[PDB]
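Here's the letter readout for the chains.
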Amino acid sequence: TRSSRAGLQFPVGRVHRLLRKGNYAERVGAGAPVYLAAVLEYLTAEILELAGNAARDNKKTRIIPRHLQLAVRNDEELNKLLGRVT
Amino acid sequence: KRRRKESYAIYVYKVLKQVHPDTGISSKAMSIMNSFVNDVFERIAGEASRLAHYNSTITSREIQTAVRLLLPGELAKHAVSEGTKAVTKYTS
Amino acid sequence: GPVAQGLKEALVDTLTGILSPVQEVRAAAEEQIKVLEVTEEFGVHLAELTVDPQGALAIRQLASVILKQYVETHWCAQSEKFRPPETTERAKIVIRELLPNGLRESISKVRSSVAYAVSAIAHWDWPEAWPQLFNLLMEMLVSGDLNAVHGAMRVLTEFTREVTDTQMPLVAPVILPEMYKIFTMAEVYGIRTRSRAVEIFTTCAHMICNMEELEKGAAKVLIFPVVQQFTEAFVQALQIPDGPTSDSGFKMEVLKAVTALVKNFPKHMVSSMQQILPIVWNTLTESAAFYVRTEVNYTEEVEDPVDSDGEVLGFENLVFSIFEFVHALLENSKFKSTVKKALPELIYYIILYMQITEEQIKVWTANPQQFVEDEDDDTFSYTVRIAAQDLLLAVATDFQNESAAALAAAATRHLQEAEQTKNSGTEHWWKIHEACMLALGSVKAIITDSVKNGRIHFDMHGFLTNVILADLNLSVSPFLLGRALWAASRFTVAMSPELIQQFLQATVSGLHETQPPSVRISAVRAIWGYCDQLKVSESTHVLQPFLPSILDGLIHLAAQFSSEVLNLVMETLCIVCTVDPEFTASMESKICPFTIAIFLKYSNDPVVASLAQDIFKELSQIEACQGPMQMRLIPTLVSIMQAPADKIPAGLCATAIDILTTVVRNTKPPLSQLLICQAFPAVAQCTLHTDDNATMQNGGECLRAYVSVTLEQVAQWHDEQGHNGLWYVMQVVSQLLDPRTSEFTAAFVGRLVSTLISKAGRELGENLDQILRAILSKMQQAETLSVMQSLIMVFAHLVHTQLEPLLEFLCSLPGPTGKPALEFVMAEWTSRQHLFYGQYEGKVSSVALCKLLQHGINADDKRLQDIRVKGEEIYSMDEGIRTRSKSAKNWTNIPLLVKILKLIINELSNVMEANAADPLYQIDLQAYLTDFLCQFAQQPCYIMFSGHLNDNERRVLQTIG
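Calculation notes
- Residues numbered from 1 in each chain as written, not as in the entry; some residues may be left out.
- Chains lettered and ligands numbered in written order.
- Heavy atoms only, no water.
- Helix = DSSP H or I, 4+ residues; strand = E, 2+ residues; numbered from the N terminus.
- Buried < 20%, exposed > 50% of the residue type's maximum accessible area, 1.4 Å probe, protein only.
- Areas by Shrake-Rupley, 256 points an atom, 1.4 Å probe, with all protein chains shown as cover.
- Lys, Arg positive; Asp, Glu negative; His and termini not counted.
- Charge placed at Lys NZ, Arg CZ, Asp CG, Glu CD.
- Rg over C-alpha atoms; globule rule 2.2 N^0.38 Å.
- 1 Å grid on protein atoms, 1.4 Å probe; cavity = no way out; pocket = protein on both sides within 12 Å on 5 of 7 lines; lining within 4 Å.
- Points joined across faces, edges and corners; volume = space filled by probe spheres on them.
- Nonpolar A, V, L, I, M, F, W, Y, C, P; charged D, E, K, R; others polar.
- Contact = heavy atoms within 4.5 Å.
- Polar contact = N/O pair within 3.5 Å; in protein donor to acceptor, adjacent residues only side chain to side chain.
- Arc of directions from axis to C-beta.
- Axes fitted to C-alpha atoms, helices over the stretch in contact; angles between N-to-C directions.
- Parallel < 35°, antiparallel > 145°, perpendicular 65-115°, else oblique.
- Left-handed = near helix turned anticlockwise from the far one by under 90°.
- Buried area = accessible area lost by both parts, 1.4 Å probe.
- Salt bridge = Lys/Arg side-chain N within 4 Å of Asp/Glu carboxyl O.
- Pairing = 2+ DSSP bridges.
- Patch = residues over 30% accessible without salt bridge, like charges linked within 9 Å, V, L, I, M, F, W, Y side chains within 5 Å.
- Expected span 1.5 Å × (residues − 1).
- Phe/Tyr/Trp six-rings, centres within 6.5 Å; stacked < 30°, edge-to-face > 60°.
- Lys NZ or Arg CZ within 6 Å of the ring centre and 35° of its normal.

Let us now look at the overall build of chain B. In terms of helices and strands, chain B carries four helices and one strand. In sequence order, the secondary structure elements of chain B are arranged as α-β-α-α-α. Projected onto its principal axes, the C-alpha coordinates of chain B cover approximately 45 × 40 × 25 Å. Classification of the 92 residues of chain B by burial places 66% in the buried group. Of the accessible surface of chain B, which amounts to about 3600 Å², a share of 48% is contributed by carbon and sulfur atoms. Taken together, the 15 basic and 8 acidic charged side chains of chain B have centroids lying 4 Å from each other.

Turning to the overall build of chain A, a few remarks are in order. Of regular secondary structure, chain A possesses four helices and one strand. For chain A, the succession of helices and strands along the chain, N to C, is α-α-β-α-α. Expected size for 86 residues packed as a compact globule is a radius of gyration near 12 Å; at 16 Å, chain A overshoots this value by more than 25%. Once the C-alpha set of chain A is aligned to its principal axes, its extents read approximately 45 × 30 × 15 Å. The proportion of buried residues among the 86 residues of chain A is 63%.

Further remarks concern empty space enclosed by the protein. Residues and elements named next belong to chain C. Approximately 140 Å³ is the volume attributed to the largest cavity. Lining the largest cavity are 13 residues, and of these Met730, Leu756, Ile757, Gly761 and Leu764 sit closest to its centre. Looking at the lining of the largest cavity residue by residue, the class counts come to 10 nonpolar, two polar and one charged.

Residue and element names in this part refer to chain C. Tracing the backbone shows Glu212 in helix 10 (residues 191-214). We classify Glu212 as buried; its relative accessible area is 13%. Between the alpha carbons of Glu212 and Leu652 there is a distance of 57 Å; along the sequence they are 440 residues apart. With sequence-adjacent residues up to four places away left out, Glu212 is seen in contact with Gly217, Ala218, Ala219 and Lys220. A polar contact is formed between the side chain of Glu212 and the backbone nitrogen of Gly217, at a distance of 3.3 Å.

One turn of the α-helix equals 3.6 residues, which is why residues spaced by three or four share an orientation. All names here are of chain C. Within the sequence span of helix 17 (residues 358-366), burial applies to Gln360, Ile361 and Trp364. Relative to the axis of helix 17, the buried residues are bounded by an arc of 100 degrees and lie together on one face. Residues of helix 17 that are exposed and point more than 90 degrees away from the buried face comprise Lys362 and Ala366. Buried residues along helix 17 sit against helix 18 (368-374), helix 19 (384-398), helix 21 (430-442) and helix 24 (478-490).

Inspection of the secondary structure puts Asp247 of chain C in the loop between helix 11 (224-238) and helix 12 (248-264). Apart from residues no more than four positions distant in its own chain, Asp247 of chain C is found in contact with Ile191, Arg192 and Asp242 of chain C.

At a minimum axis separation of 8 Å, helix 2 (residues 31-57) of chain A and helix 4 (residues 74-90) of chain B run at an interaxial angle of 135 degrees. Considering their axes alone, helix 2 of chain A and helix 4 of chain B lie oblique with respect to each other. Helix 4 of chain B is crossed by helix 2 of chain A, and the crossing has right-handed handedness. Here helix 2 of chain A contributes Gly31, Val34, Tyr35, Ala38, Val39, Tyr42, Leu43 and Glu46 of chain A to the contact with helix 4 of chain B, which in turn contributes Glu74, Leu75, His78, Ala79, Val80, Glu82, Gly83, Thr84, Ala86, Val87 and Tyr90 of chain B. Among the residues making up the contact of helix 2 of chain A with helix 4 of chain B, the classes are represented as 12 nonpolar, four polar and three charged.

Let's shift gears to the interface of chain A and chain B. Reports of interface size often rely on the accessible area that becomes lost once the parts have come together. Across the boundary between the two partners, chain A contributes 53 residues, which contact 56 residues of chain B. With both sides pooled, the region where chain A packs onto chain B buries about 4900 Å², and carbon together with sulfur makes up 73% of that total. Between the two partners, chain A and chain B, sit one salt bridge. Among the ionic pairs, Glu6 of chain B bridges to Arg14 of chain A, the shortest N-O distance being 2.7 Å. At the surface where chain A touches chain B, the tally comes to 18 residue pairs in polar contact. Of all the elements in the fold, those that place two or more residues in the side of chain A that touches chain B are helix 1 (12-21), helix 2, strand 1 (62-63), helix 3 (65-73) and helix 4 (76-85) of chain A. Broken down by element, the residue count for the side of chain A that touches chain B peaks at 20 residues, all from helix 2 of chain A. Class assignment of the residues belonging to the side of chain A that touches chain B gives a composition of 31 nonpolar, nine polar and 13 charged. Sheet topology note: the strand 1 of chain A/strand 1 (residues 24-25) of chain B ladder contains two bridges and is parallel. Considered in strand 1 of chain B, the bridge of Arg62 of chain A is made with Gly24 of chain B.

Taken residue by residue, the interface counts 21 residues in chain C and 25 residues in chain A. Approximately 1800 Å² of surface area, both sides summed, lies buried where chain C meets chain A, with 48% of it carried by carbon and sulfur atoms. Contact with chain A buries surface across chain C, with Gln78, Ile881 and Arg884 of chain C losing the most and accounting together for 33% of the total. Here chain C is connected to chain A by five salt bridges.

Together, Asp242, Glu303, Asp304, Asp307, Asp309 and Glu311 of chain C give the surface a local cluster of negative charge. Considering the arrangement of structural elements, one finds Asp242 of chain C in the loop between helix 11 and helix 12.

Let us look at the environment of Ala28 of chain C. Here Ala28 of chain C is to be found in helix 2 (residues 23-36). When the C-alpha positions of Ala28 of chain C and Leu277 of chain C are compared, they lie 64 Å apart, and in sequence the two are 249 residues distant.

Turning next to the pattern of salt bridges. Across all of its chains, the model carries 43 salt bridges over all chains by this definition. Of the charged contacts in the structure, one is a salt bridge between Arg73 of chain A and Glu80 of chain C, with a shortest N-O distance of 3.8 Å. Of this pair, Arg73 of chain A sits in helix 3 while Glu80 of chain C sits in the loop between helix 4 (57-74) and helix 5 (89-98), each in a different chain. When its relative accessible area of 47% is taken as the criterion, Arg73 of chain A is described as partly exposed. Put simply, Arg884 of chain C and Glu77 of chain A hold a salt bridge, and the shortest N to O gap is 2.7 Å.

Residue and element names in this part refer to chain B. Where helix 1 (residues 9-19) contacts helix 2 (residues 27-54), the two axes come as close as 9 Å, and the packing angle between them is 105 degrees. With respect to helix 2, the element helix 1 is oriented roughly perpendicular. Contact residues: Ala9, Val12 and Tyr13 in helix 1; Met30, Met33 and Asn34 in helix 2. Per-class residue counts for the contact of helix 1 with helix 2 are five nonpolar, one polar and no charged.

This part is about helix 6 (residues 108-125) of chain C. The terminal C-alpha atoms of helix 6 of chain C lie 25 Å apart, and with 18 residues this matches the ideal 26 Å at 1.5 Å per residue to within 8%. Among the 18 residues in helix 6 of chain C, 13 count as buried, and that is most of the element.

The next point concerns the side chain of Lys92 of chain C. Residues and elements named next belong to chain C. Tracing the backbone through its elements, the reader meets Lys92 in helix 5. Buried and without a salt bridge, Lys92 has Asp125 as its closest oppositely charged side chain, separated by 4.4 Å. With residues up to four places along the chain from it excluded, the contact list for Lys92 reads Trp75, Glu86, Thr87 and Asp125.

Our focus in this paragraph is the packing of aromatic side chains. Residues and elements named next belong to chain C. Tallied over the entire structure, the rule returns 31 aromatic pairs over all chains. Taking the centre distance of 5.8 Å and the plane angle of 35 degrees together, the rings of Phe183 and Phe250 count as tilted. A residue pair is termed long-range when its members are at least 10 positions apart, and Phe183 in helix 9 (residues 168-184) and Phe250 in helix 12 qualify at 67 residues. The residues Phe183 and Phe250 share a single accessibility class, namely buried. Summarising the aromatic geometry, the rings of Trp364 and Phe479 are spaced 5.7 Å apart at their centres and angled 50 degrees between planes, so their arrangement reads as tilted. One end of the pair, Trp364, is in helix 17; the other, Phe479, is in helix 24, and 115 residues separate them in sequence. Put simply, the rings of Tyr180, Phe183, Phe201, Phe230, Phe234 and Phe250 pair up and form one aromatic cluster. Of note, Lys68 hangs over the ring of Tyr116, and the distance from its end group to the ring centre comes to 5.6 Å. The side chain of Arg413 reaches across the aromatic face of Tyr348, ending 3.6 Å from its centre.

A few words now on unusual backbone geometry. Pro127 of chain C follows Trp126 of chain C through a cis peptide bond whose omega is 0 degrees. In this structure, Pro127 of chain C sits in the loop between helix 6 and helix 7 (133-142). Even without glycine at this site, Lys59 of chain A takes up a positive phi of about 45 degrees. Secondary-structure assignment places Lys59 of chain A in the loop between helix 2 and strand 1.

This is the structure:
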């Protein structure tokens, strides 16, 4: 229900514990996992949308690793984002 | 190869069925998504962590900031739009 | 056709030519096939040559090798490593009709290649272009030809990983029953084939898990009834000793399948756990005994008196899967109780797995850098030893008190058994001491806390004396001696004064060059631990007499090692400098020349430069060091800043400036002529002549430090031309705000301008306007938040000191707009206020907005009122994730004062959430904002302001009144 009242599919609870269980900080607000979870969820929706778009553009019904690859590279911002994160 | 710690597959799958309800995802593609989500988390958790000293207490402000240090252009704007909408409904 | 039959004879001729000893025929055949590759039926002919069972093996082998590579590179035009031409629909149909029969081939190498090619095709063609592939492979399994099942199973491993939720309802019910037959018929099918059956089970289960936890009713109908039969078969197979029907790799796959079911279908396997746990426990303990005999204490040089047909492959990977199974139980709210109950025995066997192996001894002795890297707490290495240690840290974090009592009982037993082993003449008895000391030190906080509060039975003083101290005076292995120095430093809090004296003495002895590198490295870590713990405890007095010998030991070690050992010595040298400032000052004459030499020698390495910088910082903060070190360090920094940019390594100059800034920031004015007449000009000149953004920014922060610390001396200094210090600051402020250069040149200029205005400003007062015009022109170019915040903060500061002149000035020019510059500043400021970061920068901006709002109301300053800005984006709550594409397929404009009121309410929200988890510094922002809003809500203007607030903003106001 914690993710449900945040309108999120991704798990606010588990994100909260991953933050606490890490040597990141010694205090974390209830609003941090909510925000971060929505961001993680927003990014996967953006990648899945473009990767599924590419799969649909080849009249395929399954996303495969090449479709994720095309979605990222053929989008300037997602390409820019994945270079700094890798 | 210690303990790609978390498994977000079931949640990646839910989000997939909202943007493309009739499209599937293969095992290797899902594993890549899970690695990606795990990486973006550890990077936002690195910036938002080092920044808590410039401001040691992480909240919706310091991950929103680390989200803008890291995301470029519209990805950063929409991310903050989806993030702030979550916290708003979460506190309603 | 006749041309295809001749193009195939050409292929055969080229293949036979590639298989010839005469290099001429092979070099020609190479150029030939470079052209045949572009033929339409190239792959078709290769497919025929490979599948037909009567051809020559040397041809079939070759056609299959090239067939695999052809399909990998030509089958899909959207492939990454695509090579034209794309296989035509005509050719694909033929090749798809052709290869399946080749999976029945008697020869293994050919059957495997045919299978690899079939999997490559299915990746692209299933289910749209090859709808019959699944029904086709199932036929091969049940045919009865054992070559058909080997080929089909080798394809089904990859195929099932291609199946999605859409097709799984049609694949899982069919294939899993056949995987059960193959898995349980150990007398018919080989180990590798039954192992592939487990792979396919685990793959289907992962997919079914995704579907089930989205919409319940997918796991009852597809796998749950067969989970019972499989789990039962898995536990039966886990008890099979290595032989004709089982080996480590196979047992690993079974265990991973069981672990996958525990993580994905826990509620459904509660009924079977009573059977699984004892069996995996037998696997855990037996594998420990086998690991210790075959890895830990195995000497390769010993010849067996009796030969065996021995293959024990992938045993290390089985061990890992055992730990993973335990982690799975630990991560379940219902199953973790069984680990908690088993901690004494579990931790006993964990310690066996943690022992140093003979191979590890070989590597670490040969490469001390690996020793530093492998034995770091944040190491990326993954070994049985490290994995075992991680499992210990997990149970110790989840069951703090039960782990302390369990680890005490485990170590006590191990040490008892180790005394017996030692008296039997066994050389490697010490490995149990080393592993116990490692274990206890890894979780030192829970052992000392439980011993202090008398919760556990453990002779701490006996452990320190009879194990740790005793082993320091033994000569059995440098890795025992080194582990003891480390372990002692972890238990500093539990040591008697007599012990801390002996252990510090032993640590200094551990540094000397007569010791092997691992010992000296261990001693360095130990010294770091002592300095860190005795500072926190305010007990550094016991450490003071050892500092002279420690310092000499660290400096001497740095002269013999580079790379990671040196970084460790530099980190430890730095913390040593913070123990006794009196001592550090008396040893400045050697610390500072040493650090400078390191700084320059490894000038190409930023990690060392930053560590050198950390030491310089600690010296700069000690008054008695400043004079002597500056005469030493400043000439070297100046040398760096005047050196040509293309000739010194990247970042050295920027770090040199930061070191200088730290000196200036910490020296009380007046500053030496060394800092004013040599350093200040060099840094100003370096900043004005550099093309590097990092140097420029640091240069400005350095001049800002000069202006902030000793404005008088900056003014009274002149060059030969008459230009004074404030002249150079102005020129730098000009270059940083230059709209023609990068945006980032102004990333920190805001601080310089604000400090310059705060200190001088009046002095050369016409310049102020020229700077503000430059700021505005720079904001037009700037797009990044950090830069914009730096600039906008200049005007935010002026709101507190020159509110009316600011509004007057900003309304007096258009700026880079067709509107008053005041419209431009407030438009950019209000649209970014919600992103500003900084506790200080937040207060300045927050109350500045309150004062802008308070002035625009108490007065009728229509320069503020008449302005309109962006307000909010109106989004629906019953819509999913708003992606960028959803934003182009579809913002309010409101009075400035309304937008400002909202930003203030937002700053209150963020400050409330942060707590619930200029001299303005001391004001409680939450109290001030709370005070401002309550008084604001009662003014008559609030009536129409409230109507503009949204639900979330109104909620925040009800929280306060």
